>>> print(open('start.pdb').read())   # PDB, C-alpha atoms
ATOM      1  CA  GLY X   1      -1.108  -8.831 -35.647  1.00  0.00           C
ATOM      2  CA  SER X   2      -1.666  -6.125 -33.042  1.00  0.00           C
ATOM      3  CA  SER X   3      -2.567  -7.373 -29.563  1.00  0.00           C
ATOM      4  CA  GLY X   4      -4.305  -5.513 -26.753  1.00  0.00           C
ATOM      5  CA  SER X   5      -3.905  -1.741 -26.588  1.00  0.00           C
ATOM      6  CA  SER X   6      -0.610   0.127 -26.932  1.00  0.00           C
ATOM      7  CA  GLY X   7       1.169   1.205 -23.763  1.00  0.00           C
ATOM      8  CA  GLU X   8       0.022  -1.816 -21.772  1.00  0.00           C
ATOM      9  CA  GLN X   9       2.179  -0.650 -18.865  1.00  0.00           C
ATOM     10  CA  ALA X  10      -0.022   2.400 -18.303  1.00  0.00           C
ATOM     11  CA  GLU X  11      -3.102   0.170 -18.426  1.00  0.00           C
ATOM     12  CA  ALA X  12      -1.475  -2.363 -16.100  1.00  0.00           C
ATOM     13  CA  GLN X  13      -1.365   0.234 -13.324  1.00  0.00           C
ATOM     14  CA  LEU X  14      -4.638   2.088 -13.889  1.00  0.00           C
ATOM     15  CA  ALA X  15      -6.529  -1.207 -14.077  1.00  0.00           C
ATOM     16  CA  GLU X  16      -5.501  -2.100 -10.525  1.00  0.00           C
ATOM     17  CA  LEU X  17      -6.187   1.327  -9.022  1.00  0.00           C
ATOM     18  CA  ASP X  18      -9.668   1.244 -10.555  1.00  0.00           C
ATOM     19  CA  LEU X  19     -10.206  -2.143  -8.908  1.00  0.00           C
ATOM     20  CA  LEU X  20      -8.829  -1.279  -5.469  1.00  0.00           C
ATOM     21  CA  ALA X  21     -11.236   1.650  -5.176  1.00  0.00           C
ATOM     22  CA  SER X  22     -13.971  -0.995  -5.179  1.00  0.00           C
ATOM     23  CA  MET X  23     -12.170  -3.400  -2.847  1.00  0.00           C
ATOM     24  CA  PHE X  24     -12.466  -0.594  -0.295  1.00  0.00           C
ATOM     25  CA  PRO X  25     -16.058   0.727  -0.352  1.00  0.00           C
ATOM     26  CA  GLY X  26     -15.580   2.305   3.062  1.00  0.00           C
ATOM     27  CA  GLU X  27     -15.331   6.080   3.375  1.00  0.00           C
ATOM     28  CA  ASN X  28     -12.201   6.135   5.537  1.00  0.00           C
ATOM     29  CA  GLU X  29     -10.446   3.055   4.156  1.00  0.00           C
ATOM     30  CA  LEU X  30      -8.366   4.498   1.315  1.00  0.00           C
ATOM     31  CA  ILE X  31      -7.469   8.093   0.456  1.00  0.00           C
ATOM     32  CA  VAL X  32      -5.474   9.370  -2.518  1.00  0.00           C
ATOM     33  CA  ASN X  33      -3.705  12.725  -2.234  1.00  0.00           C
ATOM     34  CA  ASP X  34      -2.170  12.699  -5.713  1.00  0.00           C
ATOM     35  CA  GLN X  35      -5.267  12.325  -7.888  1.00  0.00           C
ATOM     36  CA  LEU X  36      -3.742  14.185 -10.835  1.00  0.00           C
ATOM     37  CA  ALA X  37      -1.281  11.315 -11.245  1.00  0.00           C
ATOM     38  CA  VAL X  38      -4.089   8.881 -12.055  1.00  0.00           C
ATOM     39  CA  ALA X  39      -5.745  11.303 -14.474  1.00  0.00           C
ATOM     40  CA  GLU X  40      -2.489  11.441 -16.436  1.00  0.00           C
ATOM     41  CA  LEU X  41      -2.318   7.640 -16.455  1.00  0.00           C
ATOM     42  CA  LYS X  42      -5.837   7.511 -17.894  1.00  0.00           C
ATOM     43  CA  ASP X  43      -5.226  10.152 -20.563  1.00  0.00           C
ATOM     44  CA  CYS X  44      -1.780   8.874 -21.549  1.00  0.00           C
ATOM     45  CA  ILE X  45      -3.461   5.642 -22.642  1.00  0.00           C
ATOM     46  CA  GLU X  46      -6.130   7.346 -24.747  1.00  0.00           C
ATOM     47  CA  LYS X  47      -3.645   9.725 -26.371  1.00  0.00           C
ATOM     48  CA  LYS X  48      -1.207   6.813 -26.599  1.00  0.00           C
ATOM     49  CA  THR X  49       1.628   9.341 -26.386  1.00  0.00           C
ATOM     50  CA  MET X  50       2.993   8.386 -22.968  1.00  0.00           C
ATOM     51  CA  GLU X  51       3.874  12.060 -22.528  1.00  0.00           C
ATOM     52  CA  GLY X  52       2.441  13.608 -19.376  1.00  0.00           C
ATOM     53  CA  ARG X  53       2.739  11.529 -16.214  1.00  0.00           C
ATOM     54  CA  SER X  54       5.008  13.839 -14.217  1.00  0.00           C
ATOM     55  CA  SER X  55       3.870  12.815 -10.735  1.00  0.00           C
ATOM     56  CA  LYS X  56       3.804   9.402  -9.056  1.00  0.00           C
ATOM     57  CA  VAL X  57       0.487   7.870  -7.996  1.00  0.00           C
ATOM     58  CA  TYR X  58       0.503   8.530  -4.252  1.00  0.00           C
ATOM     59  CA  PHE X  59      -2.334   7.132  -2.139  1.00  0.00           C
ATOM     60  CA  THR X  60      -2.638   6.110   1.512  1.00  0.00           C
ATOM     61  CA  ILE X  61      -4.678   3.172   2.800  1.00  0.00           C
ATOM     62  CA  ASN X  62      -6.231   3.228   6.271  1.00  0.00           C
ATOM     63  CA  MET X  63      -6.808  -0.254   7.692  1.00  0.00           C
ATOM     64  CA  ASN X  64      -8.452  -0.797  11.079  1.00  0.00           C
ATOM     65  CA  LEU X  65      -6.837  -3.708  12.920  1.00  0.00           C
ATOM     66  CA  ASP X  66      -6.056  -4.809  16.477  1.00  0.00           C
ATOM     67  CA  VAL X  67      -2.539  -4.891  17.924  1.00  0.00           C
ATOM     68  CA  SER X  68      -2.829  -5.656  21.638  1.00  0.00           C
ATOM     69  CA  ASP X  69      -4.741  -4.975  24.854  1.00  0.00           C
ATOM     70  CA  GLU X  70      -7.901  -5.887  22.944  1.00  0.00           C
ATOM     71  CA  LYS X  71      -7.514  -2.459  21.342  1.00  0.00           C
ATOM     72  CA  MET X  72      -7.667  -1.257  17.736  1.00  0.00           C
ATOM     73  CA  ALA X  73      -5.667   1.255  15.696  1.00  0.00           C
ATOM     74  CA  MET X  74      -5.414   2.733  12.200  1.00  0.00           C
ATOM     75  CA  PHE X  75      -2.601   1.734   9.842  1.00  0.00           C
ATOM     76  CA  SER X  76      -1.606   4.204   7.124  1.00  0.00           C
ATOM     77  CA  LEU X  77      -0.015   2.570   4.079  1.00  0.00           C
ATOM     78  CA  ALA X  78       1.552   5.184   1.804  1.00  0.00           C
ATOM     79  CA  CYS X  79       1.628   3.304  -1.501  1.00  0.00           C
ATOM     80  CA  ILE X  80       3.423   4.861  -4.469  1.00  0.00           C
ATOM     81  CA  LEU X  81       3.242   3.554  -8.036  1.00  0.00           C
ATOM     82  CA  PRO X  82       6.382   4.376 -10.064  1.00  0.00           C
ATOM     83  CA  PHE X  83       6.584   4.835 -13.834  1.00  0.00           C
ATOM     84  CA  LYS X  84       7.758   1.236 -14.218  1.00  0.00           C
ATOM     85  CA  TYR X  85       5.201  -0.943 -12.436  1.00  0.00           C
ATOM     86  CA  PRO X  86       4.599  -3.672 -12.702  1.00  0.00           C
ATOM     87  CA  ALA X  87       8.235  -3.437 -13.789  1.00  0.00           C
ATOM     88  CA  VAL X  88       9.493  -2.265 -10.397  1.00  0.00           C
ATOM     89  CA  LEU X  89       7.508  -2.801  -7.197  1.00  0.00           C
ATOM     90  CA  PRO X  90       5.936   0.291  -5.579  1.00  0.00           C
ATOM     91  CA  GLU X  91       7.315   2.196  -2.588  1.00  0.00           C
ATOM     92  CA  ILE X  92       4.716   1.143  -0.019  1.00  0.00           C
ATOM     93  CA  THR X  93       5.607   2.839   3.265  1.00  0.00           C
ATOM     94  CA  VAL X  94       3.582   1.731   6.287  1.00  0.00           C
ATOM     95  CA  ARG X  95       3.271   4.257   9.114  1.00  0.00           C
ATOM     96  CA  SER X  96       1.413   4.300  12.433  1.00  0.00           C
ATOM     97  CA  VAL X  97       1.926   6.279  15.640  1.00  0.00           C
ATOM     98  CA  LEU X  98       1.836   2.834  17.248  1.00  0.00           C
ATOM     99  CA  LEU X  99       5.031   1.597  15.593  1.00  0.00           C
ATOM    100  CA  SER X 100       8.224   3.370  16.657  1.00  0.00           C
ATOM    101  CA  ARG X 101      11.097   4.572  14.474  1.00  0.00           C
ATOM    102  CA  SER X 102      13.064   1.363  15.027  1.00  0.00           C
ATOM    103  CA  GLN X 103      10.201  -1.111  14.639  1.00  0.00           C
ATOM    104  CA  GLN X 104       8.458   0.708  11.789  1.00  0.00           C
ATOM    105  CA  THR X 105      11.764   0.576   9.913  1.00  0.00           C
ATOM    106  CA  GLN X 106      12.201  -3.193  10.161  1.00  0.00           C
ATOM    107  CA  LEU X 107       8.504  -3.678   9.409  1.00  0.00           C
ATOM    108  CA  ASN X 108       8.629  -1.785   6.111  1.00  0.00           C
ATOM    109  CA  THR X 109      11.884  -3.405   4.994  1.00  0.00           C
ATOM    110  CA  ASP X 110       9.981  -6.681   5.325  1.00  0.00           C
ATOM    111  CA  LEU X 111       6.667  -5.660   3.761  1.00  0.00           C
ATOM    112  CA  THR X 112       8.673  -5.002   0.597  1.00  0.00           C
ATOM    113  CA  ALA X 113      10.528  -8.321   0.648  1.00  0.00           C
ATOM    114  CA  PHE X 114       7.241 -10.218   0.884  1.00  0.00           C
ATOM    115  CA  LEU X 115       6.294  -9.117  -2.632  1.00  0.00           C
ATOM    116  CA  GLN X 116       9.817  -9.249  -4.060  1.00  0.00           C
ATOM    117  CA  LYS X 117       9.474 -12.979  -3.394  1.00  0.00           C
ATOM    118  CA  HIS X 118       5.760 -13.774  -3.612  1.00  0.00           C
ATOM    119  CA  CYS X 119       4.677 -10.975  -5.950  1.00  0.00           C
ATOM    120  CA  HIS X 120       7.414 -10.219  -8.483  1.00  0.00           C
ATOM    121  CA  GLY X 121       6.653  -8.633 -11.842  1.00  0.00           C
ATOM    122  CA  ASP X 122       2.913  -8.207 -11.349  1.00  0.00           C
ATOM    123  CA  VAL X 123       0.288  -5.720 -10.167  1.00  0.00           C
ATOM    124  CA  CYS X 124      -0.583  -6.875  -6.650  1.00  0.00           C
ATOM    125  CA  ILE X 125      -1.049  -4.087  -4.108  1.00  0.00           C
ATOM    126  CA  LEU X 126      -3.426  -6.111  -1.935  1.00  0.00           C
ATOM    127  CA  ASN X 127      -1.107  -9.067  -1.339  1.00  0.00           C
ATOM    128  CA  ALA X 128       0.778  -6.524   0.770  1.00  0.00           C
ATOM    129  CA  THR X 129      -2.024  -5.037   2.867  1.00  0.00           C
ATOM    130  CA  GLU X 130      -2.761  -8.648   3.810  1.00  0.00           C
ATOM    131  CA  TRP X 131       0.835  -9.359   4.826  1.00  0.00           C
ATOM    132  CA  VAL X 132       0.780  -6.212   6.962  1.00  0.00           C
ATOM    133  CA  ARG X 133      -2.402  -6.518   9.021  1.00  0.00           C
ATOM    134  CA  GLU X 134      -0.847  -9.832  10.060  1.00  0.00           C
ATOM    135  CA  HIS X 135       2.751  -8.821  10.773  1.00  0.00           C
ATOM    136  CA  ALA X 136       1.970  -5.233  11.761  1.00  0.00           C
ATOM    137  CA  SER X 137      -0.139  -6.284  14.747  1.00  0.00           C
ATOM    138  CA  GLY X 138       2.818  -8.412  15.794  1.00  0.00           C
ATOM    139  CA  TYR X 139       5.425  -5.670  15.477  1.00  0.00           C
ATOM    140  CA  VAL X 140       3.356  -3.383  17.702  1.00  0.00           C
ATOM    141  CA  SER X 141       4.373  -3.996  21.315  1.00  0.00           C
ATOM    142  CA  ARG X 142       2.137  -2.645  24.080  1.00  0.00           C
ATOM    143  CA  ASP X 143       2.567  -3.574  27.744  1.00  0.00           C
ATOM    144  CA  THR X 144       0.010  -1.773  29.909  1.00  0.00           C
ATOM    145  CA  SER X 145      -1.221  -4.751  31.929  1.00  0.00           C
ATOM    146  CA  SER X 146       0.797  -6.837  34.388  1.00  0.00           C
ATOM    147  CA  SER X 147      -0.132 -10.148  36.013  1.00  0.00           C
ATOM    148  CA  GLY X 148      -0.680 -10.795  39.709  1.00  0.00           C
ATOM    149  CA  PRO X 149      -3.292  -8.380  41.103  1.00  0.00           C
ATOM    150  CA  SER X 150      -2.526  -6.622  44.388  1.00  0.00           C
ATOM    151  CA  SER X 151      -5.116  -6.257  47.149  1.00  0.00           C
ATOM    152  CA  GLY X 152      -5.184  -3.570  49.823  1.00  0.00           C
TER     153      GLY X 152
END
>>> encode(input="start.pdb", output="structure tokens")
Amino acid sequence: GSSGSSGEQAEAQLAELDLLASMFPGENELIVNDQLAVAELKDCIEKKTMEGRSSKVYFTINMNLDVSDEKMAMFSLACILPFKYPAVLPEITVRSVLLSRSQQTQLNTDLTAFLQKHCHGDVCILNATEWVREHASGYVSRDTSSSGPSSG
């Protein structure tokens, strides 16, 4: 007895992407540079030949959150879906002028771990964005206001 549709892997990825798009109705919330990738993932399923996908699904996610000094900033999350997912977790790389080379590094290294533990062997790209907005803000360190006002 045949179950579901062949090449479930391809459908496992596309499905999510299609959903995310909705999760972010905003105009400047999520932007995908490598659109062709998706197209191949949609056709590969129909043709059921799994012979085309030559580029990885690259798409950045802009999330507006606060870090410090009652200020806000944009957080770019370069998410990349490999040809294994859910097999192997994506290569989500968070970047933001706010975070420095050192910090940013540690941050990312963590963002990945989160899933490796919580989300392992499944299609959950959101679970991450949620773990970031929380940690991210923390990582960002801004000190432009000291205590003890001086008069005169």
>>> resolve_selection(input="start.pdb", expression="the PyMOL selection byres ((chain X and resi 96) around 9)", output="compact mmCIF listing (two decimals) with C-alpha atoms, keeping the file's coordinate frame")
# COMPACT_ATOMS: atom_id res chain seq x y z
CA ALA X 73 -5.67 1.25 15.70
CA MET X 74 -5.41 2.73 12.20
CA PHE X 75 -2.60 1.73 9.84
CA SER X 76 -1.61 4.20 7.12
CA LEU X 77 -0.02 2.57 4.08
CA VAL X 94 3.58 1.73 6.29
CA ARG X 95 3.27 4.26 9.11
CA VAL X 97 1.93 6.28 15.64
CA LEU X 98 1.84 2.83 17.25
CA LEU X 99 5.03 1.60 15.59
CA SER X 100 8.22 3.37 16.66
CA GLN X 104 8.46 0.71 11.79
>>> resolve_selection(input="start.pdb", expression="the PyMOL selection byres ((chain X and resi 132-145) around 9)", output="PyMOL selection string")
chain X and resi 63-69+75+94+98-100+103-104+106-107+111+127-131+146-147
>>> atom_distance(input="start.pdb", atom1="atom CA of residue X:12", atom2="atom CA of residue X:114")
20.6 Å
>>> axis_aligned_box(input="start.pdb", around="stretch 2-5 of chain X", padding_each_side="5 Å", output="AutoDock Vina command-line options")
--center_x -3.0 --center_y -4.6 --center_z -29.8 --size_x 12.6 --size_y 15.6 --size_z 16.5
>>> resolve_selection(input="start.pdb", expression="the PyMOL selection byres ((chain X and resi 20) around 12)", output="mmCIF file with C-alpha atoms, in the coordinates of the input")
data_model
loop_
_atom_site.group_PDB
_atom_site.id
_atom_site.type_symbol
_atom_site.label_atom_id
_atom_site.label_comp_id
_atom_site.auth_asym_id
_atom_site.auth_seq_id
_atom_site.Cartn_x
_atom_site.Cartn_y
_atom_site.Cartn_z
ATOM 1 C CA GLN X 13 -1.365 0.234 -13.324
ATOM 2 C CA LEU X 14 -4.638 2.088 -13.889
ATOM 3 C CA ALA X 15 -6.529 -1.207 -14.077
ATOM 4 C CA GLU X 16 -5.501 -2.100 -10.525
ATOM 5 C CA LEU X 17 -6.187 1.327 -9.022
ATOM 6 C CA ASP X 18 -9.668 1.244 -10.555
ATOM 7 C CA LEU X 19 -10.206 -2.143 -8.908
ATOM 8 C CA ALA X 21 -11.236 1.650 -5.176
ATOM 9 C CA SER X 22 -13.971 -0.995 -5.179
ATOM 10 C CA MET X 23 -12.170 -3.400 -2.847
ATOM 11 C CA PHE X 24 -12.466 -0.594 -0.295
ATOM 12 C CA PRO X 25 -16.058 0.727 -0.352
ATOM 13 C CA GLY X 26 -15.580 2.305 3.062
ATOM 14 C CA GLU X 29 -10.446 3.055 4.156
ATOM 15 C CA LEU X 30 -8.366 4.498 1.315
ATOM 16 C CA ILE X 31 -7.469 8.093 0.456
ATOM 17 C CA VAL X 32 -5.474 9.370 -2.518
ATOM 18 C CA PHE X 59 -2.334 7.132 -2.139
ATOM 19 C CA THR X 60 -2.638 6.110 1.512
ATOM 20 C CA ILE X 61 -4.678 3.172 2.800
ATOM 21 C CA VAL X 123 0.288 -5.720 -10.167
ATOM 22 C CA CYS X 124 -0.583 -6.875 -6.650
ATOM 23 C CA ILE X 125 -1.049 -4.087 -4.108
ATOM 24 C CA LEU X 126 -3.426 -6.111 -1.935
ATOM 25 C CA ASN X 127 -1.107 -9.067 -1.339
ATOM 26 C CA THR X 129 -2.024 -5.037 2.867
#
>>> residues_around(input="start.pdb", residues="residue X:91", least_positions_apart="4", cutoff="10 Å", atoms="only C-alpha atoms", output="list in words")
residues 58, 77, 78, 79, 80, 81, 82, 108 and 112 of chain X
>>> atom_distance(input="start.pdb", atom1="atom CA of residue X:43", atom2="atom CA of residue X:10")
9.6 Å
